[PDB]
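Quick notes on the structure that follows.
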DNA sequence: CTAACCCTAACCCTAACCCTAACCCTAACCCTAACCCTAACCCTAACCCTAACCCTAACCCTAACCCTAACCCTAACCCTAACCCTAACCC
DNA sequence: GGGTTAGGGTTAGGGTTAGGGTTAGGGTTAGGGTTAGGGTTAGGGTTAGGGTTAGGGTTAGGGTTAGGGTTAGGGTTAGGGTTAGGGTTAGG
């Protein structure tokens, strides 16, 4: 069983992300809030991809199903896939 | 016609929206935003009416333009 | 004779419990026709379209006022400012 | 030896001028698989899908951080707070 | 008719003809319109149940757009399903914020000279 | 003469768009001038995008088109930003537009 | 004189089935008709997209079931799926 | 195996026509292909919606022209309309 | 013509990014035995090609009995002045 | 914790204009007139679409070893709050 994977996002990673996004000062609970938001978004995206893979009569999620789920959610992605 | 939106109208709109205190330039900013939105909607309706080979804008073209812009409206029309 | 900042809640509740229209009919129709005359002249409106556009503008203004009031409450200020509507228009995505 | 609140702009420019990835690969893949195991087990990933999901999450986090920084700047505060991310998630429409 | 065989009330042939005329696919099945009619029937039943509950709570025996707007904004699932949906002559919720309140009396009537 | 590219004065294929429109089941009858119009619009859009990418590459002292140059050309043009608003480009980048308050003062 | 759809008799029958002591108005009937039309259009679009993605020409109940599971959240999705499967079994058992 | 579309040769020809001294990569070619596919899908959807709203069965150049005028803003819309009309007149005269 | 907002000028600390050195996890590969994806018919039952006369579904017929806004009348749902835990913070 | 001391809502009584009921003709719908136009099947083969074997060129999936984060920690000063009425400026 896989556990302790939610704490995989280290503090320097979020610090570099905030520095790239233009944030010059970070508090304390911002890391936990961003972790929860990313977890919720990943859960929704994975659920959509699982539904698409089950509709396609497959098991391994491919890049085409990921692009389809991203277009259904409302955020297109170019470059990856086709 | 731009000054048709009176001050009591915006005051009642802000009271209905939950605003308990209004400044001064808020009225002018809301007037400009409404003017821009009306201009865009009227342009879309004019394009739809020109595509439909008509002149008078009907409610169906208005509903189509509202659905194209991304804000559906129920009740009015069909 | 009442104190300020107390009777506003009564008017807010009275305007929220009612579902009537606040914007007039002839000035709105005149403004809509004046705006439509800039693109193509000789245009007509079957009244129902103007009412639908007025309802849509009312809903948009209500949503914008709600967002501005929420942002002002978060910014520790009961009143609103043009910078608040600018932040609202910037975060909502509609232009800028 | 430098003063605080001055060397942060250099790191910001260095991270903005580069288009490399900041999040790792094995922990992200482990978290994605652990999340996918909650719905249906015996699931596989062709790596490219995990990279696409990581890029999408990076773009979403960058946009959220930009919106939070803009809201904090408008609120006369260089630092951010959980209330700022709450206001961002409330105004943006996402829940 | 299909209503006496499937145990529903919504028309199936109408949805089938609409799908065939809309040019959505080359071949439209026969069980798919039944599934869509069942889903629409369940959704309409839930919406009508919420509208009736709102009308009974508002001491009314009819369905008005205000009751529909209240039932839509009250349910969390209906709010997520119909997010950016504007209902004409509907209304808004009078949920006043915690800060927008008359609060208390500071110095009796905010007067330090008394 | 034999192909539509030598008759319409374009380079994008028209028969491919026509076959895609016929196979996509978008309408009962797909015209013949409509695919030519779509090919012309796509050709103009591709020419403008390639011109912006070449300008960005020349400004960045590069002779190739990288996703960074495309992202810069998209974010720089106001029309391209409105046409492609919620579009995420992988390995693209962001703009280093520092705010007026975020300064050492 | 033309002919319009106007989904009103079926809605009135459903309302009388769930609550025969209440009624409906013309504005509420138009709102319900617009909502039903929008739901049907969304379902048709999702089914067409799924058919174009799966490289298929026909449409079965599995496509509409997946479209409902994707559009509807959770509890409503599971309830609609159960009611649709029950209706399908009832229509198949009784020719 | 199979066969894919891959809009690459036409994009390379257009690039060599506007600038023969520059090139393109595989990632940029995939991005351009995805953008072209998205634009084509949006145009097809707008044309289908216009045909369903106008109660018509055929599709002419006026539907795609209106779809371009609605999707594109202003200057780009007028330029694309002019270039499309020029191409249509050139294809009709020859 | 009224009192609560209101915005910067007196003053606060607990939160808060920069930091070098013990750190001991992950990333280019490595086969390998277990396994899901795609090609030739088999053949088979369900739906397109289209009759029949039907049983059912849209405007209106004049009333039908419980739907409008408002016509006399009772009385209490927010307005304001004392008042009792409750967590807050500096001994 | 405890030195007391700014600060949180709050309900007895007073307040009168704001809810409570209310009420009458036509305004607003629902069971009645009919026929024609789609809803719904009943006769004929067929072509897009399911069942099943194997094989095949992968590709997700077992592991090495060495260095850039990694966090190991702190300051102290810097960007955060905490407010005085001052005219004042928007509120009925």
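To match Swiss-Prot, the residue numbers of chain G are left as they are there, and the shown ones run 32-126.
A Cβ is built for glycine as well, from the same backbone N, Cα and C atoms used for every other residue.
According to Swiss-Prot, the protein carries these features:
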type	residues	note
CROSSLNK	G:35	ubiquitin cross-link
CROSSLNK	G:121	ubiquitin cross-link
CARBOHYD	G:113	O-linked glycosylation site
MOD_RES	G:35	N6-glutaryllysine
MOD_RES	G:35	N6-(2-hydroxyisobutyryl)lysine
MOD_RES	G:44	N6-lactoyllysine
MOD_RES	G:44	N6-glutaryllysine
MOD_RES	G:86	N6-(beta-hydroxybutyryl)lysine
MOD_RES	G:86	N6-acetyllysine
MOD_RES	G:86	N6-lactoyllysine
MOD_RES	G:109	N6-lactoyllysine
MOD_RES	G:116	phosphothreonine
MOD_RES	G:117	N6-succinyllysine
MOD_RES	G:117	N6-malonyllysine
MOD_RES	G:121	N6-glutaryllysine
Sequence order is fine: just name those recorded positions in G:35, G:44, G:86 with a Cα within 10 angstroms of the residue listed as 'phosphothreonine'.
none
Please report how many Å separate the Cα atom of residue G:121 (ubiquitin cross-link) from that of residue G:86 (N6-(beta-hydroxybutyryl)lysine), as a whole number.
30
Candidate recorded positions G:35, G:44, G:86, pick with smallest Cα gap to residue G:113 (O-linked glycosylation site):
G:44
Out of these recorded positions, G:35, G:44, G:109, G:117, G:121, which one has the fewest other C-beta atoms within 10 Å of its own C-beta?
G:35
For a quick check of packing: other C-beta atoms within 10 Å of the C-beta of the residue listed as 'O-linked glycosylation site', how many?
12
Out of G:35, G:44, G:86, point to the one nearest residue G:117 (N6-succinyllysine) in space (Cα versus Cα); all of them are recorded positions in the record.
G:44
List the same-chain residues at least 6 positions away in sequence whose Cβ sits under 8 Å from the Cβ of residue G:86 (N6-(beta-hydroxybutyryl)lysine), in sequence order, or say none.
none
Identify, in sequence order, the recorded positions in G:44, G:86, G:109, G:121 that approach chain E with a C-beta to C-beta distance under 8 Å; the answer is 'none' if none do.
G:44, G:121
In three-state DSSP terms, the structure that residue G:117 (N6-succinyllysine) belongs to:
helix
In terms of DSSP three-state secondary structure, what is the assignment for residue G:86 (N6-(beta-hydroxybutyryl)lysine)?
coil
Hey, how far is residue G:35 (ubiquitin cross-link) from residue G:44 (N6-lactoyllysine), Cα to Cα, in Å?
19
In whole Å, note down how far the CA of residue G:109 (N6-lactoyllysine) lies from the CA of residue G:44 (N6-lactoyllysine).
25
